[PDB]
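Asks: make a model of this:
(chains A and B, ligands or ions: 2)
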Amino acid sequence: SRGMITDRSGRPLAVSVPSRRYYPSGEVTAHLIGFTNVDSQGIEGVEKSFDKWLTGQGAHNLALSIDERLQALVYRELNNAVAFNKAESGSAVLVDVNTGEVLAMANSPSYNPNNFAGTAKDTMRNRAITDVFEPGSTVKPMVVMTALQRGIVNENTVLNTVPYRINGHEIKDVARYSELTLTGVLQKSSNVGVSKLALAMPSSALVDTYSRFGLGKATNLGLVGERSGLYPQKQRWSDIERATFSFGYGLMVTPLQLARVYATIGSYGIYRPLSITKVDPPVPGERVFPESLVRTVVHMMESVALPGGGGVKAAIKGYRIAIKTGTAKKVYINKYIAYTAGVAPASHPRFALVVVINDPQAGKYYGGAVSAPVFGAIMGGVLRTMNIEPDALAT
Amino acid sequence: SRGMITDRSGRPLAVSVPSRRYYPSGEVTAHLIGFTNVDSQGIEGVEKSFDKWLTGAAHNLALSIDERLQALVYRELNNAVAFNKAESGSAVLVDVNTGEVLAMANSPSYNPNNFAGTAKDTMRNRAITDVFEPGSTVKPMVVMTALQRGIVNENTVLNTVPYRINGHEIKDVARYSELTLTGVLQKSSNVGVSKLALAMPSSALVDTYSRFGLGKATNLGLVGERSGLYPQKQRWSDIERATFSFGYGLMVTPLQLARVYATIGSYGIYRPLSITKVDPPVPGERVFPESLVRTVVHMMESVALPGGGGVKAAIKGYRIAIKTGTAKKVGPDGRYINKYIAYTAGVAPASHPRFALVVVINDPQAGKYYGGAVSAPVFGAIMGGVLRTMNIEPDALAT
Ligand SMILES: *C(=O)[C@@H](NC(=O)/C(=N\OC1(C(=O)O)CC1)c1csc(N)n1)C(C)(C)NOS(=O)(=O)O
Ligand SMILES: *C(=O)[C@@H](NC(=O)/C(=N\OC1(C(=O)O)CC1)c1csc(N)n1)C(C)(C)NOS(=O)(=O)O
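Replies: Residues are numbered from 1 along each chain as shown, chains lettered A, B, ... in the order given. Ligands and ions are numbered 1, 2, ... in the order given. Next up is the structure itself:
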């Protein structure tokens, strides 16, 4: 008599069979759904967080925000990229930018909850809500928004981007560019450009912006192990600290937290609470940042996926996409977190997606190289499955 | 440098990327497709079988597989193996009209994008390397043979009371004093089929099973493909003749069993199997009279209807003609052991079969083991998925 867990259209994701739980999508949705005791008590995932409701104490089924179609194609691309790259793990989160609904939440490696007794404990725990990594360059769109808002730069400002040092600390870019446009700063992911941008604003500037986009804040899905990251509450910020903050050092985020950042970008500055339950719209959320300013930086982000930008391998024929790649050293070692985060379609964003691939060991590790292809594969599938009409005008 | 392997509609299943081999369906199609070594040479599955073709131009290769069908087959099978705590499972789906293998899946699987140290025994393609005794899945051929020889007619009632011959007990799961010929299949009456077999020469059933391809090579060219264990005895004891009629004394691969049921589905037309896309007309050869097979296919519908052992395979809106099976496994000392193979084999839709499906679950250990309890729900979920995906018009008629 246990409540049946379904996706947002009623597709069964956990069901009692005459009694035993059966999970029809098995390892595709294992971390989110969780599993139960022999007492049919929930001990992981939604099975645990909604156990009282599942027991009927509060018909008592549960329709998640998940779309199983999207969950399956997300898992397929993610799991096989983690294998192909000999990575420790990967996480992918897709969010509806209008509603805050988690449309997909996948991790690799996964396990089969229909028979989990032998699975390694660490494999069982979800990584999209418990793993915390430094976000790296995925914060630079928030840097650019801040600098514009504070009028320290203008839409077409050209920045000098030659490298330099703060107190002996060398600030350099992947490739050397004398100068870059504001767009170019994002397009080439210029640590110099962002660092110079940060150095002309108080230390509080970026600390406010990142929080407004939800970094350092709880995700509030109510899932066990859910994690809020570490976020800097330093009273005084050092010049090196002030500069490395503009490209993802000194704070730590879960994949879910990052997905919410990009859902707030996608909505042009409306912060919406995440949900794992199907949401009946509208959801008002909070206007955390001016729409015109976010709108402008979203357009600048399209250059990341065009020739010349670092995430061009995420390009999808027919659709504008506004993305940002990242690469972060793990804690420092010669092992890396490969990031691609983005919204689509860029003309009117519907979906925010983050792809995080942890410790790729197949010879390649740069975000644009490792997870940008996966972003394009996933988001291309999402756009088709959701009948989104193409975005790119023939030229 | 290396051709692409695709499904029958061009979906990529093995692709070279700048280079390295990548498998977009990963573990879903692992056993069939196989993998390459470091120097991009195939060493398992299609990658090896077609290695020369794939690497003069490097040609792409369109399998008969439909990735949509492969995925839903693997989904049901893999979760059923896990749920049942089974050693393994195999599922094969064959196009009744062409012989094309539309899906071929096993569980447990592995990810060919990183086959690091997965057990050798997880990486072999059990659909073609596992041999099990087919048990009651052979029974439709017994009835066909008995009808052809005129020892029974379509409406004969058989005494199915339990009896012992030469010290061996012949008994049904449930006891029934008598059964129609349809009842014999509906209830899977060892008693009934044993009496049909004993009224015929030993060569009768040996010949029929062979005409449906048992004991014959499957000929896919895949590494490790097996042909089974098939009797070549001149002399048969009465007990051997009887147990042969409920599937003792021979061992088949899941693939071989699927060809049997494809041959049932075509109403007696035997067709070579194919894992490459075929240009559609495949005439095959008639091996048994159409009317007789048609008659037994209708009889087989009772297996999925109230009173039949495979009722849990029922699919709303579609007629299906199936046979369940449960066989004692032969242990490592050559004697039967307390472990089982759970079978369900069948064709759909029963009005005009298009698909043959076999589901084989090896050693379920979660409290159930009979084919009707273990494999039949899996057959139903898979085939219902197949019929919908292929846009088959419902055949069920409201009553
Ligand atoms: C943006 O992510 C930015 N990343 C960095 O500066 C970091 N590491 O880069 C190094 C690497 O070899 O990958 C160490 C040089 C970084 C920030 S926080 C953290 N824990 N590690 C660069 C590399 C400029 N662009 O990354 S990209 O994917 O946009 O190309
Ligand atoms: C048909 O498969 C028939 N099965 C048998 O006679 C066999 N074993 O039956 C036993 C069991 O496991 O229940 C051992 C008593 C058999 C044939 S060949 C082989 N190696 N083992 C029945 C009993 C009718 N199967 O039940 S069914 O409803 O699945 O058809």
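
Asks: longest helix anywhere in chain A?
Replies: Using DSSP state H, we find that the single longest helix of chain A is helix A:68-84.

Asks: which neighbouring elements make contact with that one?
Replies: Taking 3 or more CB pairs under 8 Å, 6 or more residues apart in numbering or on different chains; DSSP states H and E as contact, the helices and strands that helix A:68-84 lies on are strand A:89-96, strand A:102-108, strand A:351-358, helix A:372-385, strand B:20-22. Any C-beta I mention is one placed from the backbone N, CA and C, and that applies to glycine too.

Asks: now the second one against strand A:351-358, angle please.
Replies: Same thing as strand A:102-108. Interaxial angle, strand A:102-108 versus strand A:351-358 (axes from the mean of the first three to the mean of the last three CA atoms, to 10 degrees): 10 degrees.

Asks: how about strand A:102-108 and chain B, any contact?
Replies: No - shown here: strand A:102-108 not in contact with chain B (CB under 8 Å from any CB of the partner chain), separated by at least 9.4 Å.

Asks: picking up where we left off before, compute the inter-axis angle for the longest helix of chain A and strand A:336-344.
Replies: Interaxial angle, helix A:68-84 versus strand A:336-344 (the same axes, to 10 degrees): 150 degrees.

Asks: how close does the closest residue to residue A:360 other than its chain neighbours get to ligand 1?
Replies: Spatial nearest neighbour of residue A:360, chain neighbours left out: residue A:85 (3.9 Å); criterion: CB to CB, 6 or more residues apart in numbering or on different chains. Summarising the geometry, the distance separating residue A:85 from ligand 1, computed by CB to the nearest ligand atom, to the nearest Å, is 15 Å.

Asks: wait, doesn't residue A:85 sit right on residue A:355?
Replies: No - the pair residue A:85 and residue A:355 does not pass the contact test of CB atoms under 8 Å, sitting 11.6 Å apart.

Asks: for the two, work out which one has more neighbours and name it.
Replies: Remark: of residue A:85 and residue A:355, residue A:355 carries more neighbours, 36 against 25, as counted by other CB atoms under 10 Å in any protein chain shown.

Asks: and residue A:226, how far is that from residue B:386?
Replies: Remark: distance between residue A:226 and residue B:386 (CB to CB, to the nearest Å) = 40 Å.

Asks: let me fix that: residue A:48
Replies: Distance of residue A:48 to residue B:386, given as CB to CB: 35 Å.

Asks: one more: residue A:246?
Replies: Computed as CB to CB, the residue A:246 to residue B:386 distance reads 55 Å.

Asks: cool, and residue A:183?
Replies: Using CB to CB, one obtains 51 Å as the distance from residue A:183 to residue B:386.

Asks: cool, residue A:340 as well?
Replies: When CB to CB is applied, the distance between residue A:340 and residue B:386 equals 36 Å.

Asks: do the same with residue A:134
Replies: Residue A:134 is 47 Å from residue B:386, where distance means CB to CB.

Asks: residues of chain A that sit close to chain B?
Replies: Proximity of chain A to chain B is confined to A:20, A:22-26, A:76, A:79-80, A:83-84, A:86, A:112, A:114-115, A:362 under the rule CB under 8 Å from any CB.

Asks: tell me which of these is nearest to ligand 1?
Replies: Using CB to the nearest ligand atom, residue A:362 is the member of those that lies nearest ligand 1, at 15.6 Å.

Asks: count the neighbours of the closest residue to residue A:367 other than its chain neighbours for me.
Replies: Among residues not flanking residue A:367 along the chain, residue A:325 sits closest, at 3.7 Å (CB to CB, 6+ apart). Look at residue A:325: counted by other CB under 10 Å, it has 30 neighbours.

Asks: residue A:325 reaches residue A:365, doesn't it?
Replies: No - Residue A:325 sits out of contact with residue A:365 when judged by CB under 8 Å, with a separation of 11.8 Å.

Asks: could you tell me which residues of chain A lie near ligand 1?
Replies: Counting by CB under 6 Å from any ligand atom, the positions of chain A adjacent to ligand 1 are A:134, A:136-137, A:174, A:189, A:191, A:247-249, A:310, A:325-329, A:336, A:366-368.

Asks: ok, 5 Å please
Replies: With the criterion set to CB under 5 Å from any ligand atom, chain A comes near ligand 1 through A:134, A:136-137, A:189, A:191, A:248-249, A:310, A:325-329, A:367.

Asks: if any of these are buried, give me the ChimeraX selection for them.
Replies: Under the burial definition 16 or more other CB atoms under 10 Å in any protein chain shown, those of the residues of chain A next to ligand 1 that qualify are selected in ChimeraX by:
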select /A:134,136,137,189,191,248,249,310,325,326,327,328,367
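
Asks: residue A:47 contacts residue A:33, correct?
Replies: Yes - under the criterion of CB under 8 Å, residue A:47 makes contact with residue A:33 at 6.3 Å.

Asks: overlap of the contact sets of the two?
Replies: For the pair residue A:47 and residue A:33, residues contacting each of them under the criterion CB atoms under 8 Å, 6 or more residues apart in numbering or on different chains are A:5, A:14.

Asks: these two - which one has more neighbours?
Replies: Regarding residue A:47 and residue A:33, a neighbour count based on other CB under 10 Å identifies residue A:47 as having more, with 26 against 23.

Asks: C-alpha coordinates for stretch A:194-202, PDB please?
Replies: Backbone C-alpha positions of stretch A:194-202 (Å, rounded to 0.1, in the frame of the first residue of the first chain) are rendered in PDB as follows:
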ATOM      1  CA  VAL A 194      37.400  39.200 -15.200                       C
ATOM      2  CA  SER A 195      40.100  39.700 -12.600                       C
ATOM      3  CA  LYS A 196      40.600  43.300 -13.800                       C
ATOM      4  CA  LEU A 197      36.900  43.700 -13.700                       C
ATOM      5  CA  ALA A 198      36.700  42.500 -10.100                       C
ATOM      6  CA  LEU A 199      39.600  44.700  -9.000                       C
ATOM      7  CA  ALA A 200      37.600  47.800  -9.800                       C
ATOM      8  CA  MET A 201      34.700  46.900  -7.500                       C
ATOM      9  CA  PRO A 202      34.600  46.400  -3.800                       C
END
